[PDB]
Amino acid sequence: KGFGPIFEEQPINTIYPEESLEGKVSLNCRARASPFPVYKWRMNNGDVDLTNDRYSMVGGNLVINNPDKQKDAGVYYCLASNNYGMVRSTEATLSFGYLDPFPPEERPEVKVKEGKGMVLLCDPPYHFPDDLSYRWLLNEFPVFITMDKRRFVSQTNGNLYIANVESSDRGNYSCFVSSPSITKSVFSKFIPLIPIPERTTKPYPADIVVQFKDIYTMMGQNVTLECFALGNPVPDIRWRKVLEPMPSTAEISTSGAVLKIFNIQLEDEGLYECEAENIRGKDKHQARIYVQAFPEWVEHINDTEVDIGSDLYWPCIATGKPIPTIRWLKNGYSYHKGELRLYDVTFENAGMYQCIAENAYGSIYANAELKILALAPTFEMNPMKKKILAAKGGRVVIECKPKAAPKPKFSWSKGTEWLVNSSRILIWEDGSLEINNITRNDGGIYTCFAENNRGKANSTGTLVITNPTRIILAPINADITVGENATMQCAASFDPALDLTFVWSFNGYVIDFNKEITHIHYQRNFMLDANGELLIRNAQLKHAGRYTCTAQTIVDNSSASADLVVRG
Amino acid sequence: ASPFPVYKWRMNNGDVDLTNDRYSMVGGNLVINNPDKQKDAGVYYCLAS
Amino acid sequence: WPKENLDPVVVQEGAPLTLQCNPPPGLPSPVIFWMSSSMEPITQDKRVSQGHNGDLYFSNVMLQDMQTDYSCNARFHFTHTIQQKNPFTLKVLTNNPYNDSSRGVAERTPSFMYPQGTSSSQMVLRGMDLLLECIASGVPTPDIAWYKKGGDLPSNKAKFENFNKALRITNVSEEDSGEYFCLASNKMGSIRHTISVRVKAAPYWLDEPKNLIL
Amino acid sequence: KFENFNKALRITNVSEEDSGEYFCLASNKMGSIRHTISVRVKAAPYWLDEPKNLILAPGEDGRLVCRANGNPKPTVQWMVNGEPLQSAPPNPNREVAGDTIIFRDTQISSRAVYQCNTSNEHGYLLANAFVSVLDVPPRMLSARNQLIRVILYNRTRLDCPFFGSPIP
Ligand SMILES: *[C@@H]1O[C@H](CO)[C@@H](O[C@@H]2O[C@H](CO)[C@@H](O[C@@H]3O[C@H](CO[C@H]4O[C@H](CO)[C@@H](O)[C@H](O[C@H]5O[C@H](CO)[C@@H](O)[C@H](O)[C@@H]5O)[C@@H]4O)[C@@H](O)[C@H](O[C@H]4O[C@H](CO)[C@@H](O)[C@H](O)[C@@H]4O)[C@@H]3O)[C@H](O)[C@H]2NC(C)=O)[C@H](O)[C@H]1NC(C)=O
Ligand SMILES: *[C@@H]1O[C@H](CO)[C@@H](O[C@@H]2O[C@H](CO)[C@@H](O[C@@H]3O[C@H](CO[C@H]4O[C@H](CO[C@H]5O[C@H](CO)[C@@H](O)[C@H](O)[C@@H]5O)[C@@H](O)[C@H](O)[C@@H]4O)[C@@H](O)[C@H](O[C@H]4O[C@H](CO)[C@@H](O)[C@H](O)[C@@H]4O)[C@@H]3O)[C@H](O)[C@H]2NC(C)=O)[C@H](O)[C@H]1NC(C)=O
Ligand SMILES: *[C@@H]1O[C@H](CO)[C@@H](O[C@@H]2O[C@H](CO)[C@@H](O[C@@H]3O[C@H](CO[C@H]4O[C@H](CO)[C@@H](O)[C@H](O)[C@@H]4O)[C@@H](O)[C@H](O[C@H]4O[C@H](CO)[C@@H](O)[C@H](O)[C@@H]4O)[C@@H]3O)[C@H](O)[C@H]2NC(C)=O)[C@H](O)[C@H]1NC(C)=O
Ligand SMILES: *[C@@H]1O[C@H](CO)[C@@H](O[C@@H]2O[C@H](CO)[C@@H](O[C@@H]3O[C@H](CO[C@H]4O[C@H](CO)[C@@H](O)[C@H](O[C@H]5O[C@H](CO)[C@@H](O)[C@H](O)[C@@H]5O)[C@@H]4O)[C@@H](O)[C@H](O)[C@@H]3O)[C@H](O)[C@H]2NC(C)=O)[C@H](O)[C@H]1NC(C)=O
Ligand SMILES: *[C@@H]1O[C@H](CO)[C@@H](O[C@@H]2O[C@H](CO)[C@@H](O[C@@H]3O[C@H](CO[C@H]4O[C@H](CO)[C@@H](O)[C@H](O[C@H]5O[C@H](CO)[C@@H](O)[C@H](O)[C@@H]5O)[C@@H]4O)[C@@H](O)[C@H](O)[C@@H]3O)[C@H](O)[C@H]2NC(C)=O)[C@H](O)[C@H]1NC(C)=O
Ligand SMILES: *[C@@H]1O[C@H](CO)[C@@H](O[C@@H]2O[C@H](CO)[C@@H](O[C@@H]3O[C@H](CO[C@H]4O[C@H](CO[C@H]5O[C@H](CO)[C@@H](O)[C@H](O)[C@@H]5O)[C@@H](O)[C@H](O)[C@@H]4O)[C@@H](O)[C@H](O)[C@@H]3O)[C@H](O)[C@H]2NC(C)=O)[C@H](O)[C@H]1NC(C)=O
Ligand SMILES: *[C@@H]1O[C@H](CO)[C@@H](O)[C@H](O[C@@H]2O[C@H](CO)[C@@H](O[C@@H]3O[C@H](CO)[C@@H](O)[C@H](O[C@H]4O[C@H](CO)[C@@H](O)[C@H](O)[C@@H]4O)[C@@H]3O)[C@H](O)[C@H]2NC(C)=O)[C@H]1NC(C)=O
Ligand SMILES: *[C@@H]1O[C@H](CO)[C@@H](O)[C@H](O)[C@H]1NC(C)=O
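Residue numbers (PDB author numbering), protein chains in the order written: chain B, 37 to 604; chain A, 69 to 117; chain D, 136 to 237, 248 to 359; chain C, 304 to 471.
Structure representation (C-alpha cells):
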C-alpha cells in the first residue's frame, strides 16, 4: 500500500527588506506520502548546513534569522524524498529589497517661455524591486498632477513631459515613486518652475521625445504602449497597425497617448505605427511586437502503473513559441533527455519521474509516479459467482476476470474435458467464455483456471439449464376509431423453478406503469397459467402505433409485436 | 433627548451618595466596587431628567 | 509597516465604524492621511473623517463605501518618506424591502465614539496651539458644536477645522483655560462631552537681560 | 497502554530504561506524518541510601550518608538542629566532606539531630538522623519459651528480638 511523494505547495521567488522589522524569513515546501516526506534544501546548487542557530527548519519550510545581503542571497531548491525516490521543487530565487532615497542635491530653479513645454528627471535611486509606479506632486504631498494631452508621466524613465506651458503651470514640482512589493513611497526635492508670459505665443512643430521600442513579450500578457510628442499646439496622437487590422482587444483611453492590449494573441505580432501631429507638422514611429509563449501543458503526465517487461511510451506534451525542450528526471536527477520510450521494464526503474518542459525563456514541471506490478493471481477480489442460468438456443457468456500481473493465460475445464476454441465455442483473449445455441448436455460443473508465470488460481462454477420461456400466442394487429376500448393478447410458457415477468412496450419504449399518468389509458390484468393481456381505454391519435409484449425471466426473454391504427 | 438626559439613581426609594470611591457612574449606568450583602442589596430605580 | 494579514471588515447598511491605523513608533508624529491604492485622495466630509491621532471615523457607513480600498499613509518630515499600511476593504448588507409599484432603512440615535464617557482632561502649554476633537455616530449625519463653561468663545482666535469636528485656537493664555464641551446635535438625539482644559505655562521672558556697557 | 482512542499513551513507573525518543504516526489513506518527542526522564531526588540512626559506644567511629539520585543532580544541604553548619558550635570530631559526615572517636559531645535537604529545580527531599548514647545490658524483647509449628518442606522463621548498648 505504497505511495510516492506528491507536492501541495511550492516555494516562490522572494524579496526581503534590508531595513525590516522582521528578522526572520521563510520559504514553503509542503508535500504528502505514505512514508512521510523528508526534506532537503540546496543553496546556489550547493548544500546548506542545517542547524546554525541562524538557520532552522519546520515541516519542509526553511527559516533564516537576521538574514544578510552578504550571505543568504541566492537560488534555493527543495528536495522531497522517501523510500520511492526524490522530487525537486520549483527553483526559488531569494533577494534583498533595496530602496535608498534620492541624492540630496538642490535642484535648480527653472525659467521657461510660455508655449514651450519642458521635462524633469526623477533621478531614480537604486531599486531591487522593479515594479515602480511613478507620479508627480506640487507644493505639498496630497496634491496630484493629472494626465492631459498636455502633461504626461513616463512609467519607464520616471520623468515628466509637458508639450505646452501656461501661466497655471508655475510652482513647485516633486517626483513620487511607489513600490507596492514593499509598500514604500518616496519623493525627490521640489523644483521651482516659472513660465515667463508671452503674448501671441510662438508656435512649434510636433517633436517626438518618448518612443516605444522593439519588444519580445509572452502570449496572453498585459501590454502597454507610450507615445508622446511636444509642440505649442497640443499635439494630436493617432495609433494604427501597418498592414493588418488592430486586434479586437484594444482600448484607446482618454489621453490618446497610451494604448492597452489585453490577451496578446499569435496574430498581433508585427509593426505598430504611432503618428504624432499638430497644426504645423508631424512625425512617426514604427515599433516591432514579437509574440512569445511560456511552455503550457497539453497532456501533462499522471500517476501510471504497469507490469514488468511491458514496452512503454510516456506521452509528455507542452507548447511554447520557442519549441519546448523536454527533460526526464529520475528521483531528482536527470535520467533521460529525449523521447521516453522504454522497453523491458525492471524492478529498479519504478518510482518518481519528473517531466520538465524548458525553453530559452521559462520552465514548467510535471511529476508522476510510475508503479510496477508482479503479483500472483488471486480470486479474493473478483471471485466466480457459483451459480449461472441458461436457456436452449441462446448465446451465453461467462466472466473470468481475476487480478494478476503479467496478463497471464486462461483455461476452462468441465470435470473430464478441457475446453478450447471451437466452431460455436470461443474463448476471447480477455478471459470470458462464449457458447452459442445451447443444449441440455452443456449444463454441469465448470472450473476456471487462471495460469500465470508465477502461480495459478482455480475457481468453481455450477451451471444449470431450464426449459425455455417462449410465447404461445402472439399479438394481432387492430384498427379502431377515437374513443375505443382496445385489447392486446399475450400468452407464454415457462419452467416452475423460474421467476417470470411480463413487460409491455409502446414503439420500442417501455411503459413503466410506475407513474399515475400512464394508468389513465393503460391497464394490465395478468391471470391464468399463461394469460397476460393489456387494455387501452379512450384511444387518441397519439396512442396508435407498435405494441410489443416481452415475456422476461432470468434465463431468457421472448418478444412479439403488433400494430394499432386509429381513425376519426 | 435634545438637551442630553441627566441621570439620578435611588436605592430602596432613597437617594444615593454619588462618589464614594466604591460607587461610580458612567453615562447613566451605575457601578459598585466590592459589593456587600450587608450594604447594597435592594431595589434601585433610574430617573432621566 | 509590520506586514500583517488583514481580513476585510463588514457591516450592515448604516452602522458606525472606527478604522484603526496605529503606526509604528514615530518621532516626530508622522503626517497621517488616507489614500486609495489607486492613489486617489479619499472622500472626506462632515459625515466621515480622519482624526489627528490618525484613525478614520465613520458616523454611518453608506452603500458607496464599497467602491474602493482605504490605506493609511504616514510622512516623516526629515527623510521625505511615506509609509503605507496594507489597505482595508469593506462590505455592506441591505435589508430594504423591494417596494411594490415603485431610506428604506432604520434611523438611529447619536452615540459618542472617540471621547468615551462624559469627561476627559487635556493639558496644553501657554502660547501653544490648542486642538480639541469630538466624534459622534448617528444615522442622520450629526453636527458638532463647541462651547465653553460660563464664557464666550474668542471668535478672533478660534476656528472650526475638519468639518466642525476639530476646534483650533491661537496662542493660549490663562484666559482660555477652563472647561470646554461639545454637542453632537442630531435630528434624533443629542449629547455633550466635557473636557478639562488646564493651561500650564512654559517659561517666558518678562525682563530679558541686555548687555551692560559702562 | 493506549488511552483516549489511541491518541494517548501511558506508562507505569518510569526508569532510565524508558528514557529516549518516542514518535507518533498519523496514518491516513491520503498521507501520513510523524511527530517526534524527546522524552528525557529526569527526576526529583529519591533516596539511594537514606541516613539511618547511628548508635555508638564512646570512642567508636560513625558516618552519616545522605545519597539521593536526581536528574539534574540534587544539591545537598546540611543543618544541625535546624541551624546552619557555618555558625554551628565547633566540634573537632566532626568532619564534613562532599555528601558525607564523619565522626571519629565519638563522645558525649555533639549529640544532636542532623538534617539533610537534597533539592533540585523540580523537587526536594528532607531527612533527619540522631545519635543516642546509652549504657545498658542486653535485653530480651519477646515472650519466653515460644512454641513454633511448621510443615516439612516450607520456609520458616524464629523471632528472637534483642537489643543492647554495644551491639550484642
Ligand atoms: C493585468 O491583466 C490582468 C488580467 O489578465 C488583470 O487582472 C485583473 O484582476 C482582477 C482581480 O481578480 C479582476 O477583478 C475582478 O473584479 C470584479 C469587479 O467587477 C465586478 O463588478 C463590477 C461592478 O459591478 C462589474 O463592472 C464587473 O464586470 C466588468 O468587469 C469584468 C472584469 O472583472 C469584465 O469582464 C466585464 O465585461 C465588465 O466590464 C464585475 O461584475 C470582481 O467581481 C471579480 O471577483 C469575482 O471573481 C473572483 C475570482 O476572480 C471571485 O473570487 C469573486 O468572489 C468574484 O466572483 C474580480 O475581483 C479584473 O477583472 C482583472 N482585469 C481584467 C480581467 O481585465 C490585472 O489587473 C492587470 N494588471 C494590472 C497591474 O492591473
Ligand atoms: C479464440 O477465439 C477468440 C474469439 O474469436 C479469439 O479472440 C479474438 O482474437 C482476435 C485476434 O487477436 C481479437 O481481435 C483483435 O482486436 C483488437 C481490438 O480489440 C479491442 O476491441 C475489440 C472489439 O471492440 C470493437 O468495438 C469497439 C468499441 O466500439 C471498437 O473500438 C473496436 O475497434 C471494435 O470495433 C474488443 O473486443 C477488445 O476487448 C479490445 O477492446 C485489435 O487491435 C487486434 O489487432 C491487433 O492484433 C492482431 C493480431 O492479433 C494484428 O494482426 C493487428 O495488426 C493488431 O496488432 C485484433 O484484431 C479479438 O478481440 C478476440 N476476441 C473476440 C474476437 O471475441 C482468440 O484469439 C482465439 N484463440 C486462439 C486463436 O488461440
Ligand atoms: C510451603 O512452601 C512451599 C515452597 O515455598 C510451597 O510450595 C508452593 O506451593 C504452591 C501451591 O500452593 C506451588 O504453586 C504450584 O504451581 C505449580 C506450577 O508451578 C510452576 O509455574 C509457576 C507459575 O505458574 C512458577 O512460579 C513455578 O516456579 C513453577 O515453575 C502447579 O503445578 C501446582 O499445582 C499442582 O500441584 C500442587 C502440589 O501441592 C497441588 O496441590 C495442586 O492441586 C496441583 O496439582 C501449584 O499450584 C508453588 O510452586 C510451590 N513452590 C513455591 C516456591 O511457592 C507450599 O505451598 C508451602 N506450604 C505447604 C507445603 O504446606
Ligand atoms: C498672545 O495673546 C496675548 C493675549 O491677547 C497677547 O498678550 C497681551 O494681549 C493684550 C490684549 O489682551 C495686549 O494688550 C494690548 O496692548 C496694546 C498696546 O498697543 C501696542 O500693541 C498693539 C498690539 O498688541 C498694537 O496694535 C498697537 O499699535 C496699533 O495702533 C497704532 C496707532 O496707535 C498703529 O500704528 C499700529 O499699526 C497698531 O494698529 C501698539 O503697538 C493695545 O493697543 C491693545 O489695545 C491692548 O491693550 C498686550 O499688549 C499683550 N501683551 C504684550 C506683551 O504685548 C500676546 O501678545 C499674544 N502673543 C502673540 C505672539 O501674538
Ligand atoms: C515497577 O514496580 C514493580 C513492582 O514494585 C517493580 O518490580 C520489582 O522489580 C525488582 C527488580 O527486578 C524485583 O526484585 C526481583 O524480584 C524477583 C522476584 O520476582 C518474582 O516474584 C514476583 C512477586 O514477588 C513476581 O511478580 C515475578 O514475576 C514477574 O516477573 C518475572 C521476572 O522474571 C516474570 O518472569 C514473570 O512472568 C512475571 O512477569 C517473579 O515471579 C527476583 O527474581 C529478582 O532476582 C529480583 O530480586 C521486585 O521483586 C519487583 N517487585 C515486586 C513486588 O516483585 C519494578 O522494578 C518497577 N519498575 C520501575 C521502572 O520502577
Ligand atoms: C486449487 O487447486 C489446488 C491444488 O489441487 C488446491 O490445493 C488443495 O486443494 C484441496 C482440495 O480438497 C484442499 O483441501 C481443502 O481444504 C479446505 C481447508 O483447507 C485446510 O487445509 C489447508 C492446507 O491443506 C494443504 O496442506 C496440507 C499440509 O499438511 C496438506 O496435507 C493438504 O493436502 C493440503 O495440500 C489449510 O491451509 C486450511 O487452513 C485448512 O486447514 C477444506 O475446506 C476443503 O473441504 C478441502 O478439504 C487443500 O487445502 C488445498 N491445499 C492447498 C495448499 O491449497 C486448492 O485448494 C484449489 N483451490 C480452490 C479454490 O479450489
Ligand atoms: C515654490 O518654490 C519656490 C522656491 O523658493 C518658493 O519660493 C515658493 O514659495 C515660498 O514663498 C514664500 C513667500 O511667498 C517664501 O518666503 C519668503 O522668504 C524670504 C527669505 O527667503 C523672506 O524675506 C520673505 O519675507 C516676507 O515677509 C516678511 C514678513 O514676514 C516681509 O518683511 C518681507 O519683506 C517679505 O515680504 C518670505 O518669508 C519662501 O522662501 C518660499 N519657499 C519655500 C517656502 O520653500 C514655492 N511655492 C510656490 C507656490 O511657488
Ligand atoms: C491523464 O490526464 C488526462 C487529462 O485529464 C486524461 O485525459 C488521461 O486519461 C489521464 N490518464 C490517466 C491514466 O489518468
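Built from N, CA and C at the ideal position, the CB exists for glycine as well.
Any non-hydrogen atom of ligand 6 within 7 Å of residue i CB
i                     : result
residue 452 (chain B) : no
Nearest-angstrom Cα separation, counted from residue j out to residue i
i                     : j                     : result
residue 160 (chain B) : residue 221 (chain D) : 24 Å
residue 296 (chain D) : residue 343 (chain D) : 15 Å
residue 76 (chain A)  : residue 335 (chain D) : 19 Å
residue 277 (chain C) : residue 449 (chain C) : The structure shown does not extend to residue 277 (chain C), since chain C is modelled only from 304 through 471, so no value can be given for it.
residue 271 (chain D) : residue 180 (chain B) : 37 Å
residue 542 (chain B) : residue 578 (chain B) : 11 Å
residue 379 (chain C) : residue 346 (chain C) : 15 Å
Beta carbon of residue i nearer than 8 Å to that of residue j
i                     : j                     : result
residue 413 (chain C) : residue 397 (chain C) : yes
residue 302 (chain B) : residue 327 (chain B) : yes
residue 155 (chain B) : residue 172 (chain B) : no
residue 187 (chain D) : residue 257 (chain D) : no
beta-carbon residue i near ligand 8 non-hydrogen atom, thresh 7 Å
i                     : result
residue 307 (chain C) : no
residue 416 (chain B) : no
residue 13 (chain B)  : The question about residue 13 (chain B) has no answer, for chain B in this structure spans 37 to 604.
residue 44 (chain B)  : no
residue 335 (chain B) : yes
Heavy atom of ligand 5 within 7 Å of residue i beta-carbon
i                     : result
residue 317 (chain C) : yes
Residue i, buried or exposed, once every other Cβ within 10 Å from all chains shown has been counted against 16
i                     : result
residue 263 (chain B) : buried
residue 124 (chain B) : buried
residue 121 (chain B) : buried
residue 195 (chain B) : buried
residue 584 (chain B) : buried
residue 160 (chain D) : exposed
residue 350 (chain D) : exposed
Residue closest to residue i, alpha-carbon to alpha-carbon, out of the options
i                     : options                    : result
residue 493 (chain B) : B:380, B:551, B:448        : B:448
residue 132 (chain B) : B:154, B:60, B:475, B:74   : B:60
residue 424 (chain B) : B:140, B:398, B:498        : B:498
residue 565 (chain B) : B:214, B:64, B:532, B:226  : B:532
residue 469 (chain C) : C:409, C:400, C:379, C:359 : C:359
heavy atom of ligand 7 below 7 Å from residue i C-beta
i                     : result
residue 177 (chain B) : no
Ligand 1 heavy atom lying under 7 Å from the CB of residue i
i                     : result
residue 330 (chain B) : no
residue 258 (chain B) : yes
Cβ-heavy atom distance, residue i to ligand 2, below 7 Å
i                     : result
residue 347 (chain B) : no
residue 455 (chain B) : no
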